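Below you'll find the structure, written out as structure tokens, and then a few comments.
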Amino acid sequence: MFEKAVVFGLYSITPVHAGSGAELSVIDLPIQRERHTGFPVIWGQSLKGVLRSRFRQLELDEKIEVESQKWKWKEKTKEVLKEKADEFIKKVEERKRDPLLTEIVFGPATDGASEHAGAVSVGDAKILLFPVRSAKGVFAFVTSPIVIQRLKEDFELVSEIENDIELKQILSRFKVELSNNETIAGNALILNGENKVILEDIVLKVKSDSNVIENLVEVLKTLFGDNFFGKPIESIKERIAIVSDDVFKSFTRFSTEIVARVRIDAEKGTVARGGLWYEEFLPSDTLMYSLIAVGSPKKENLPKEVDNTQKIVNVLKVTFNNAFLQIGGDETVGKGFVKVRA
Amino acid sequence: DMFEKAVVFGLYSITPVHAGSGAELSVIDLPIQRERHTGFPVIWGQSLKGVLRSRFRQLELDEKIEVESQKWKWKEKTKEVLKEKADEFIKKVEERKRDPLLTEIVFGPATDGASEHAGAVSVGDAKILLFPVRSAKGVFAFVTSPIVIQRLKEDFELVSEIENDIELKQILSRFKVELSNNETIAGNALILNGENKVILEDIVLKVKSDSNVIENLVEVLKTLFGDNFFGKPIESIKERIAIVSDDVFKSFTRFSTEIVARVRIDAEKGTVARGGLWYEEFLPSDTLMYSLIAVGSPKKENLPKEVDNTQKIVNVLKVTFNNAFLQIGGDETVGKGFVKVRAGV
Amino acid sequence: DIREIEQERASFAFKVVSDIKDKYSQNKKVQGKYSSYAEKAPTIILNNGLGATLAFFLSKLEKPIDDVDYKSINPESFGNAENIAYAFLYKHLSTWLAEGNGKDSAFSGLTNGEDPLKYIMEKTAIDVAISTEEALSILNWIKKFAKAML
Amino acid sequence: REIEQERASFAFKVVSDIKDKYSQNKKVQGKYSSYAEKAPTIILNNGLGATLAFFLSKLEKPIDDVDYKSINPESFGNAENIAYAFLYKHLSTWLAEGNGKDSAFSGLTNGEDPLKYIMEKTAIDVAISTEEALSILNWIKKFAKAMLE
Amino acid sequence: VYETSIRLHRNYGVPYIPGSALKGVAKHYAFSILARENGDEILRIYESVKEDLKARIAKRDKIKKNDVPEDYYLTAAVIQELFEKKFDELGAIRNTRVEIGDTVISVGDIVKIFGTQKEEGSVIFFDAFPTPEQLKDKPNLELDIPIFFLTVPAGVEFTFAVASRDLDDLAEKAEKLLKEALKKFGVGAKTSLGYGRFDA
DNA sequence: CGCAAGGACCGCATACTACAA
RNA sequence: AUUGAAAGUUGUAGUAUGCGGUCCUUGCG
Numbered sequence: 004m005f006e007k008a009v010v011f012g013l014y015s016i017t018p019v020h021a022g023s024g025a026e027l028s029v030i031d032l033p034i035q036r037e038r039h040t041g042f043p044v045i046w047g048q049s050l051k052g053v054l055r056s057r058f059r060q061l062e063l064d065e066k067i068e069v070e071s072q073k074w075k076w077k078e079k080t081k082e083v084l085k086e087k088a089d090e091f092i093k094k095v096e097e098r099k100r101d102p103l104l105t106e107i108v109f110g111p112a113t114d115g116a117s118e119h120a121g122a123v124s125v126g127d128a129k130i131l132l133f134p135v136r137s138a139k140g141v142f143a144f145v146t147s148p149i150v151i152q153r154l155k156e157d158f159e160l161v162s163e164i165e166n167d168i169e170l171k172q173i174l175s176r177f178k179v180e181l182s183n184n185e186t187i188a189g190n191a192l193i194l195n196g197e198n199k200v201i202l203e204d205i206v207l208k209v210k211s212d213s214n215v216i217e218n219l220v221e222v223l224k225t226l227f228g229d230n231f232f233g234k235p236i237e238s239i240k241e242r243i244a245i246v247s248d249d250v251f252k253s254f255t256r257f258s259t260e261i262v263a264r265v266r267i268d269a270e271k272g273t274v275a276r277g278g279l280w281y282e283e284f285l286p287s288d289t290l291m292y293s294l295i296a297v298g299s300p301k302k303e304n305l306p307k308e309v310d311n312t313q314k315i316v317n318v319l320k321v322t323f324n325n326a327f328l329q330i331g332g333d334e335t336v337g338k339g340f341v342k343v344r345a
Numbered sequence: 003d004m005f006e007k008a009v010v011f012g013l014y015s016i017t018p019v020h021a022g023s024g025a026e027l028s029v030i031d032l033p034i035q036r037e038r039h040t041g042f043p044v045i046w047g048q049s050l051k052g053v054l055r056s057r058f059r060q061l062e063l064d065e066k067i068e069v070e071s072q073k074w075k076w077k078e079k080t081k082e083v084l085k086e087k088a089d090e091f092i093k094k095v096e097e098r099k100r101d102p103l104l105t106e107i108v109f110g111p112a113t114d115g116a117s118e119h120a121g122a123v124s125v126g127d128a129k130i131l132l133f134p135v136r137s138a139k140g141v142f143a144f145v146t147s148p149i150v151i152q153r154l155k156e157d158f159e160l161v162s163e164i165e166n167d168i169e170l171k172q173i174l175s176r177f178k179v180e181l182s183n184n185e186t187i188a189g190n191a192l193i194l195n196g197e198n199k200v201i202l203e204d205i206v207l208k209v210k211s212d213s214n215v216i217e218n219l220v221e222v223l224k225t226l227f228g229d230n231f232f233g234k235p236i237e238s239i240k241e242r243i244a245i246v247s248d249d250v251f252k253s254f255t256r257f258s259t260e261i262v263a264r265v266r267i268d269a270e271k272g273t274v275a276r277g278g279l280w281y282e283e284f285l286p287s288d289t290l291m292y293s294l295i296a297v298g299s300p301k302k303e304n305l306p307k308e309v310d311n312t313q314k315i316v317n318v319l320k321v322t323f324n325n326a327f328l329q330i331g332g333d334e335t336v337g338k339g340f341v342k343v344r345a346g347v
Numbered sequence: 002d003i004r005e006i007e008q009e010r011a012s013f014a015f016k017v018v019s020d021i022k023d024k025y026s027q028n029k030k031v032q033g034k035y036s037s038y039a040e041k042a043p044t045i046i047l048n049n050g051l052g053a054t055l056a057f058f059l060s061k062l063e064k065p066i067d068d069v070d071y072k073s074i075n076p077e078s079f080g081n082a083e084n085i086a087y088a089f090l091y092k093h094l095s096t097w098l099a100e101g102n103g104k105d106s107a108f109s110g111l112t113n114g115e116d117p118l119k120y121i122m123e124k125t126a127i128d129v130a131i132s133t134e135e136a137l138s139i140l141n142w143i144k145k146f147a148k149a150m151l
Numbered sequence: 004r005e006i007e008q009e010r011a012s013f014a015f016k017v018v019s020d021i022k023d024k025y026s027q028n029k030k031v032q033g034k035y036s037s038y039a040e041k042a043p044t045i046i047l048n049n050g051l052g053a054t055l056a057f058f059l060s061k062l063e064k065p066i067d068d069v070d071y072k073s074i075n076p077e078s079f080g081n082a083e084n085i086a087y088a089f090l091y092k093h094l095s096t097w098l099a100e101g102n103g104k105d106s107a108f109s110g111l112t113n114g115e116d117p118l119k120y121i122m123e124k125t126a127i128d129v130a131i132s133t134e135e136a137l138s139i140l141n142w143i144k145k146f147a148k149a150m151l152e
Numbered sequence: 118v119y120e121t122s123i124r125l126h127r128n129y130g131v132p133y134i135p136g137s138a139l140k141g142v143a144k145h146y147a148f149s150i151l152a153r154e155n156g157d158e159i160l161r162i163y164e165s166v167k168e169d170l171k172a173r174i175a176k177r178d179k180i181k182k183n184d185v186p187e188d189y190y191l192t193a194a195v196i197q198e199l200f201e202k203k204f205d206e207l208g209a210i211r212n213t214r215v216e217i218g219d220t221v222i223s224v225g226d227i228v229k230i231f232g233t234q235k236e237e238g239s240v241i242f243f244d245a246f247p248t249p250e251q252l253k254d255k256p257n258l259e260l261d262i285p286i287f288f289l290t291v292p293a294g295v296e297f298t299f300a301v302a303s304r305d306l307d308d309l310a311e312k313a314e315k316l317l318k319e320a321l322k323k324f325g326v327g328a329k330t331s332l333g334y335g336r337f338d339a
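Protein chains in written order, with the entry's author numbering: chain D, 4 to 345; chain E, 3 to 347; chain G, 2 to 151; chain H, 4 to 152; chain I, 118 to 262, 285 to 339.
Rendered as structure tokens:
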């Protein structure tokens with residue numbers, strides 16, 4: 004199925020730490036990666052969980068603009084389920100089940116996991132842009148041809164859903180290959196000397212094929228609105244660098260933030276037993292995308308307001324657009340705040 | 003998610019600050035916390051949370067916390083809430099095993115009962131806002147950068163989203179600066195008497211002619227921190243503000259910080275102990291710092307009737323920490339790391 | 002085929018420091034003075050500026066500060082141990098800031114074969130700041146190796 | 004898991020060898036245990052080359068040239084010097100040859116001096132050497148803390 | 118670049134006295150007064166530390182272990198080592214009451230005030246800033262010798300402060316100790332040649 | 001007329017699969 | 001001319017909660 008697709012773009016306002024599994028190796032709590040390549044990633048389970056929680060919390064306040072009507076959980080449930088609805092309302096009061104809209108879209112709760120599946124699917128969020136310190140200029144966005152390759156693959160997958168031939172052609176228009184150390188750099192990052200763009204601890208050579216970079220910016224303008232998540236897109240167009248695969252992988256491993264944290268005793272004035280530990284944080288301004296898919300709503304006796312893939316897609320688009328999300332652990336210490344552009 | 007109200011905390015250093023970041027092998031033996039990609043100084047939210055919780059617990063233990071114009075006694079109030087188990091909680095608290103009732107409710111449970119429930123505050127990072135830089139004509143300008151303004155606009159958008167009030171977005175919507183690599187939107191006071199030039203540190207550069215920007219900035223400060231920038235009249239700040247490009251701004255935060263050569267002289271020889279020579283790095287005094295604190299609904303079961311709504315918690319924190327003096331970073335006894343805090347909305 | 006500047010920094014620092022031990026093995030005073038100067042330079046750089054420190058080095062070498070040619074300063078010319086150490090330190094710093102590890106190496110200096118003092122004289126602030134950063138890093142590495150071996 | 008067993012055996016062997024020297028002297032045992040514990044922190048902050056340079060510097064001798072071989076830890080005078088020479092010897096040995104030709108891990112440096120290897124190689128070699136040093140240090144921390152006094 | 122410099126304030130340029138110097142001179146003066154009066158008891162109680170310090174001094178000075186004299190300086194070094202890492206045994210001698218000024222302060226009070234490696238101190242030593250009124254008319258800097288350096292002239296006012304972080308009232312004793320130290324020893328380089336003395 | 005950090009503490013405690021088929 | 005032909009280990013589910021890189025130390029003879 005999955006007759007409709009919405010691309011979600013995330014911008015990290017603050018450093019984000021999505022907790023990995025067992026805390027092994029030298030670093031205590033590392034970010035989630037993939038052994039297959041080594042790049043950072045966010046598994047779809049956490050994304051679906053946070054989206055479901057936000058959706059349910061919004062629905063409980065009757066702030067969800069269901070076709071600009073502010074659908075009421077109790078009223079809609081009574082209209083749909085009729086006689087038994089009241090009983091379900093009690094289950095909603097006990098925080099056992101969930102209101103009608105979120106149950107229909109994201110699937111039911113644990114105790115009722117035998118009626119219908121979830122009408123949505125949330126893919127893993129993959130990196131697309133990585134901040135990196137630079138000598139001239141500051142804070143250069145970086146990316147690699149493999150990322151663009153995966154992006155083209157995702158576009159092709161979308162085309163198998165909505166027949167977006169123009170998007171496929173636009174993606175196929177871009178084809179670059181930096182060999183070992185040369186980079187495609189914007190005008191700002193270029194050192195005042197002859198080429199020689201210096202990223203972190205590496206000195207590179209610029210390559211004069213910047214049109215491709217421009218095309219990439221166009222793709223962004225095609226995908227995530229006009230302003231680049233609240234900034235002038237052309238402003239970011241001056242600070243984009245494309246580098247080889249191995250260099251990008253090296254950046255995605257030895258440039259995440261590393262932080263040491265301690266606990267202070269009540270009155271001793273110094274650390275205590277089991278107080279010192281380490282954490283790894285994904286840098287701010289990291290751009291990561293995903294792929295949300297929607298198929299046929301499998302819920303029984305769905306409401307007339309939301310009874311087609313187009314309706315669900317519109318609801319998701321309006322509810323999540325320039326909104327804000329809390330992602331991962333370390334919430335109370337200001338970590339995980341992101342801006343979502345659909 | 004669960005937050006409904008927010009407060010913008012402003013920090014004004016009166017003494018050099020030093021937030022430790024471990025020890026390196028570079029020229030500076032005790033550097034400061036910085037974001038990796040940008041390279042600008044920063045204070046993480048964890049240190050702020052720890053300091054605030056410590057101060058709150060200290061004030062509650064001495065029964066000096068005044069919620070709704072009344073002291074929140076640790077033993078008396080917790081007796082009503084915990085009911086039968088209050089005796090166990092009181093003894094455990096006295097044994098420094100768990101934090102008092104109010105601290106536990108606000109800043110979340112203590113280390114022993116970490117799996118009980120969650121907190122209600124989300125104190126965030128402290129991004130730089132105004133870097134004090136020595137100037138040739140005039141004294142001690144408040145340099146800032148367009149990146150800082152953009153980040154500030156983002157935080158204001160987040161605050162307006164939490165509060166559902168577009169006034170903040172409207173106020174910040176006018177911010178749009180495009181300063182070049184050698185031009186500053188300087189205030190009148192800092193302007194050198196000459197060809198409209200400013201000598202900041204080792205950089206001399208022409209002054210772009212623009213208006214209705216600096217004033218806007220000052221207006222923002224008047225929105226949250228009352229009318230006095232940490233006590234001083236806002237007019238001097240308005241006349242003493244400069245804005246420069248990202249490159250020079252970063253160049254300033256890398257070579258315009260205090261550097262000290264502390265030692266430890268041994269008694270026997272009277273000159274210096276073996277290996278007693280190192281350099282410490284400090285943020286300068288009069289640095290303007292800002293951070294965001296978000297407040298959600300309390301999660302502890304059977305909470306006291308005084309603290310049930312996020313509004314009450316916000317009022318409590320605003321009353322407690324407004325115009326107070328706090329300690330941040332290391333060398334507390336040596337005399338470094340004292341700041342003045344201001345709240346707002 | 003890609004080496005970060007860290008590899009070239011250590012390679013360069015090892016080259017010069019080892020070049021002192023074999024040259025002036027018997028002159029322990031020269032080695033000690035060179036080590037002390039390498040320890041003390043970064044604070045001067047951080048306190049005054051790269052141009053100030055370079056001019057100071059020239060002043061201790063009784064040479065005019067307006068026209069310089071690091072490629073024309075034989076360290077063996079100076080007679081005093083302090084003077085010889087200062088000449089060696091200045092030559093190493095200027096050579097790194099001009100040619101880096103080498104033209105073949107990944108890093109090839111910053112001034113592109115220009116006297117660093119003149120480069121600071123006739124460039125904008127950003128170039129001076131980046132050159133200062135590079136000088137700080139190489140001074141750190143040279144101090145490390147000099148303390149380790151000298 | 005063969006590499007894991009190799010690392011565990013090597014860590015036990017080196018910790019036992021440290022136990023043999025100055026077994027009664029809790030000064031050398033105590034200093035070495037703290038030295039192994041605090042070592043991985045440096046590597047994260049400053050990289051492998053900087054940590055190796057620091058280890059070379061803390062030794063109190065002319066230390067002419069650079070040799071992972073030689074530099075007998077017993078020849079060092081101060082107890083701290085002996086412990087640091089031991090730590091450097093063990094780490095360099097593991098990175099150079101591991102446990103031997105027939106071992107599962109023959110060492111990434113092909114028997115070459117780790118510092119010289121870092122000085123004249125590519126970036127990826129430095130990366131893998133760094134990761135391997137981190138892993139062996141992680142094992143050595145536990146094994147030295149467990150039994151050494 | 119100049120052969121000499123002073124700790125001038127970054128933002129304003131007025132010279133000032135850091136709180137670290139205050140704490141250091143106070144600890145040094147307390148050590149001196151403790152060693153001068155009760156020298157024999159301190160030397161006898163911690164015999165092992167005395168022997169270790171003698172051995173270390175002999176090794177550093179390349180002299181014989183017995184050649185080290187048990188002068189007041191050796192006592193000061195032993196006391197300094199006692200307040201260092203080997204601070205657990207100091208409680209053995211935690212009974213002497215040093216007569217600082219006109220009040221008796223116990224060594225336990227010294228540990229509680231100054232702070233130790235395993236416990237933060239309870240007394241904060243702020244910095245010292247000359248009053249602007251004096252700077253209004255009287256000059257604040259002067260030359261002093285062909286080698287010249289800038290120094291603060293005599294008679295310049297300076298205000299000091301001391302706080303008590305905890306409920307311990309050791310603030311008054313700390314203030315008395317600081318006042319006595321400033322009166323007798325003073326703070327500043329070249330303190331042998333009268334520099335740094337402070338009157339009332 | 002030279003001197004050149006050094007040790008403490010180095011993830012704790014809790015959760016540790018449920019219901020259908 | 002075979003205990004044979006037929007049957008998606010599938011549905012739900014945020015590695016999360018608590019935690020101050022802190023203490024000790026005169027840049028000096």
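Every residue gets a Cβ at the ideal spot worked out from N, C-alpha and C, and that includes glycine.
Requested in this report: Please report how far the alpha carbon of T133/H lies from the alpha carbon of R55/D, in whole angstroms.
Outcome: Each residue's Cα considered, the two are about 41 Å apart.
Requested in this report: Tell me whether the beta-carbon of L47/G lies closer than 8 Å to the beta-carbon of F232/E.
Outcome: With contacts defined by Cβ atoms closer than 8 Å, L47/G and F232/E do not form a contacting pair.
Query raised in the report: Between the stretch 318 to 336 of chain E and chain I, which residues of the former have a C-beta closer than 9 Å to a C-beta of the latter?
Result: Along the stretch 318 to 336 of chain E, the positions whose C-beta sits under 9 Å from a C-beta of chain I are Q329, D333, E334, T335 and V336, read in chain order.
Report task. Could you tell me which residues DSSP puts in a beta bridge with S223/I? Result -> The beta-bridge partner set that DSSP reports for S223/I consists of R214/I.
Report task. Could you spell out the range, first to last residue, of the beta strand (DSSP E) harbouring residue 268/I? Result -> Missing from the coordinates: residue 268/I, inside the break in chain I from 262 to 285.
Query raised in the report: Which residues, taken in chain order from the stretch 265 to 289 of chain D, show a beta carbon closer than 7 Å to some beta carbon of chain I?
Result: Those would be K271, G272 and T273, in chain order.
**Report entry** Proximal residues to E135/H (C-beta, below 7 Å), its chain only, five neighbours per side dropped
**Finding:** Cβ neighbours of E135/H beyond the five flanking positions: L98 and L111.
**Report entry** Residues that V224/I contacts on chain G, provided the C-beta gap is smaller than 8 Å
**Finding:** Below the 8 Å Cβ cutoff, chain G contributes no neighbours of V224/I, its closest Cβ being approximately 38 Å away.
Query raised in the report: Is the beta carbon of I330/D less than 8 Å from the beta carbon of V108/D?
Result: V108/D is positioned such that its CB atom lies no closer than 8 Å to that of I330/D.
Query raised in the report: What is the DSSP secondary structure of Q72/E, reduced to helix, strand or coil?
Result: Note: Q72/E maps to coil in three-state DSSP.
Query raised in the report: What residues of chain H sit near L27/E, judged by a beta carbon separation below 7 Å?
Result: Residues of chain H passing the Cβ test: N49, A53 and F57.
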